[PDB]
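Here the structure is laid out as structure tokens; the discussion comes afterwards.
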RNA sequence: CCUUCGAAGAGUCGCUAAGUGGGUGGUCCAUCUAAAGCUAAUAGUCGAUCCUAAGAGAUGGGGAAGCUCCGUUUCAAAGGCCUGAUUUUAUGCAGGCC
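Numbering (the entry's author numbering), first residue to last: 270 to 322.
Quick look at the structure:
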């Protein structure tokens, strides 16, 4: 398995607000319906890996 | 016009208060509302210049209505220097000496 890089790494004020903004966008990209018939969520891996590389 | 409400200056008045309270007058009555404020009518070479001596005298602080006085290192945050791969949640100075 590949060792990727986390999006925001730090706890200073700038990094803490980066974390806030990154979590705020996670409520809209990785949605899970908690249902048996939930679809498998597929996203744009190219952009994410651009963030994680 | 109708209806529902309706605060009031304390080390102050007089050691130290009150809220139909209080202040001042009159032989019970009369009159005002303090302790807040505004408002017109011939020298690098000789000396000084530099250094400190007895002493004087700022700052810190204190007294006095004040012009000013006391006190000279005093319960003052009274200033200089050095080191470092750039300082470990990521490039907002850390440590040391007198």
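Just so it is clear, CB atoms sit at the ideal spot from N, CA and C, and this is done for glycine as well.
*Can you tell me the Cα-Cα spacing of residue 295 and residue 270, whole angstroms?*
24 Å
*Excluding the five sequence neighbours on either side, which residues of its own chain have a C-beta within less than 6 Å of the C-beta of residue 274, listed in chain order?*
321
_residue 298 - containing alpha helix (DSSP H), residue span_ = 282-298
_Cβ-Cβ distance between residue 291 and residue 309 below 7 Å_ = no
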